[PDB]
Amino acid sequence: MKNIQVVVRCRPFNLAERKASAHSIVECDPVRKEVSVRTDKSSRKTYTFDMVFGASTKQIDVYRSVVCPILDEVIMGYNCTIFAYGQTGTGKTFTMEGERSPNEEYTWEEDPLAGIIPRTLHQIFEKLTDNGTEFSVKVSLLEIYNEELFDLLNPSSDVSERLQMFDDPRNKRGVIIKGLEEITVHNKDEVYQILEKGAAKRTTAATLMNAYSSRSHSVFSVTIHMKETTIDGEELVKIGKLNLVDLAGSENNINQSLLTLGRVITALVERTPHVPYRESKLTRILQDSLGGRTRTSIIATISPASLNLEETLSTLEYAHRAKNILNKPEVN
């Protein structure tokens, strides 16, 4: 019924990466939707994708191109998932979250470094406010490290108080995180405080665990309840859910969820009977995002530099096979 959308976003060279060559090692053609990696010397591999975003691609463009459509399907009542996959330092967190621009030069609302989450949560209150709907928005931020489950929006618990997971009685292909805080967002003003607090707790989590950013998987969920009255006089309810996932660096028990994600994707595309969803917290959590009833997009992030060429290639081969996975999306 529907393929997994795969897009690529390359970042500019960072201060560490040396550009030796006259012309690029990685080229991004947004018209042909291709990436070409130069690796003999006139020798290459070209990969085709659904969208391609080059080094100069601004945040607002990633949002417009990728998320605004997905946010329409969410409002129809589809479950949607976007995950960022790639090497540490390529821009997964910059894409899904973004960064904050110093000393109040921009309201969070206008910040050019703002990423998907903050923009998406702004837009929900604009789109839904005057589309006639009567609605509620609730969000949760969960992170997975060393197969353990940390809640970053819990206002009160020690961040080292980790949560449990069991199979959802009303969804053969999902789970429930017992105790996970779901915060009701009453309007766009409450959004910053909630996300700020979220990012603060993370900092705390970082001090306790080794290389936590790179090894952590982050799952931010927004859920929209929308109720409505039909011409026949009934009461139609639909539940949108959007999963914005920032994955552990492709390069990596610490790695069980990333390993298992690979094994799931491999199984799916090669059409093997057993897809081991159950072998990791992540793949148990996203089971439905990966050959199930969810609309899934991946944003594979890459470097343009020779230093990280091999992880870039890996990341390309890996995201490219994921286009072959078929989901069956369904609403309510």
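We call the rigid core whatever largest set of C-alpha positions still superposes within 1.5 Å between the two forms. Quick note: we count residues from 1 along the sequence shown, nothing fancier.
Trainee: Between 241-249 and 170-178, which has its CA atoms farther from the current form in 7 other deposited structures of this protein, using a rigid core superposition?
Mentor: It is 170-178 whose C-alphas lie farther from the shown form in 7 other deposited structures of this protein.
Trainee: Is the larger C-alpha RMS shift in 7 other deposited structures of this protein, relative to this form with the rigid core superposed, found in 304-312 or in 9-17?
Mentor: Between the two stretches, 9-17 moves farther in 7 other deposited structures of this protein.
Trainee: At least a third of the other compared entries leaving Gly262 unmodelled, is that the case?
Mentor: Negative; every one of those entries includes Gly262.
Trainee: Counting only other entries that model residues on either side of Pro118, is it left out in at least a third?
Mentor: No, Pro118 is modelled in every one of the other compared entries that cover both of its flanks.
Trainee: Neighbours in the displayed sequence, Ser140 and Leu141 may still hide a gap; how many deposited residues lack coordinates there, none, 1 to 3, 4 to 9, or 10 or more?
Mentor: Gap between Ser140 and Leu141: none, chain continuous.
Trainee: Unmodelled deposited residues between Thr39 and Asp40: none, 1 to 3, 4 to 9, or 10 or more?
Mentor: Gap between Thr39 and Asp40: 4 to 9 residues without coordinates.
Trainee: Going by the mean C-alpha B-factor recorded in the entry, which is higher: 24-32 or 50-58?
Mentor: Per the PDB entry, the higher value belongs to 24-32.
Trainee: 181-189 versus 130-138: which one carries the higher mean Cα B factor per the record?
Mentor: It is 130-138 that shows the higher mean C-alpha B-factor.
Trainee: In terms of recorded Cα temperature factor, pick the maximum from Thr260, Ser156, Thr93, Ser250.
Mentor: Answer, based on the entry's C-alpha B-factors: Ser156.
Trainee: Checking the record values for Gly198, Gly115, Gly233, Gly89, which has the greatest CA B factor?
Mentor: Within the set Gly198, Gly115, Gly233, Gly89, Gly233 shows the top C-alpha B-factor.
Trainee: Of the three thirds of its chain by CA temperature factor, lowest, middle or highest, which one includes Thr283?
Mentor: Bottom third by C-alpha B-factor.
Trainee: Could you tell me which third, lowest, middle or highest, the C-alpha B-factor of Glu161 occupies within its chain?
Mentor: Its C-alpha B-factor belongs to the middle third of this chain's values.
Trainee: C-alpha B factor of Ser303, ranked within the chain: lowest, middle or highest third?
Mentor: It belongs to the lowest third of the chain when residues are ordered by C-alpha B-factor.
Trainee: Among all modelled residues of this chain, ranked by Cα B factor, put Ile176 in the bottom, middle or top third, i.e. lowest, middle or highest.
Mentor: For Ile176, whose C-alpha B-factor we compare with every modelled residue in the chain, the answer is the middle third.
Trainee: Looking at the temperature factor on the CA atom of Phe150, which third of the chain's modelled residues does it land in?
Mentor: According to the entry, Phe150 has a C-alpha B-factor in the chain's lowest third.
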